[PDB]
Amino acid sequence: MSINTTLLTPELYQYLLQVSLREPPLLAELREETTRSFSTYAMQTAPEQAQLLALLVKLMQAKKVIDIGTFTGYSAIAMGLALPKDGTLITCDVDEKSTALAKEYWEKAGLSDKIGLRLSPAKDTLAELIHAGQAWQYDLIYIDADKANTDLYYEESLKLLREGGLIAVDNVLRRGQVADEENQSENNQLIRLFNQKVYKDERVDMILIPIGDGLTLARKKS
């Protein structure tokens, strides 16, 4: 047999949200506003995927988190709220307009002391962190920015992760396009190439969760 997983219909999907999604009112408000104010609202993290991220922070008791791709800060705040008392999260983006709203909401959430915005190319922020002796220091890294650079960000995130640290990568399924070998758009070929790379990568243990637009988890092995 196989299929061996119960596939989601719109019916089943809605039921799942009804018995699982516990969105904090502040985050709910944050995406109502993101929808209202940003034409790019759709690149926002799925409430259910973010909730899984929050659960991972708690399970690992992650004290050092990186959030690559702030936008209006949904995932940054989702994980921020799950941080233990002494935990910190730095969030990366290059867009001032969206991050300004992010700051606003994570202040309103009481996370100004835990979350710090690094406004500049993530490529640069990651290289500074390494070239400043932070390799092996991070527990959890969430990669959700420009897709062209996911391999770079992944490679850098490995260096920065402690032993047993976790990489989470969003949008690995590309709304299904990734299964169409003939789609052939630049970004689609990059993600197809990337998914095979991670699947073969013996530096990690991994899994691909069909939540949000697909969430790959890669644990850095001993």
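In case it trips you up, residue 1 is the first one in the sequence shown, and so on.
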*Would 192-200 or 177-185 have the larger average of its C-alpha temperature factors, as given in the entry?*
177-185
_Mean Cα B factor from the PDB record: higher for 128-136, or higher for 77-85?_
128-136
_Residue, from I167, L27, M43, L53, that the PDB entry assigns the highest Cα B-factor_ = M43
_Chain-relative CA temperature factor third for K63_ = middle
*Of the three thirds of its chain by CA temperature factor, lowest, middle or highest, which one includes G116?*
lowest
_Looking at the temperature factor on the CA atom of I141, which third of the chain's modelled residues does it land in?_
lowest
*asked:* By the recorded C-alpha temperature factor, relative to the other modelled residues in its chain, which third is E32 in?
replied: highest
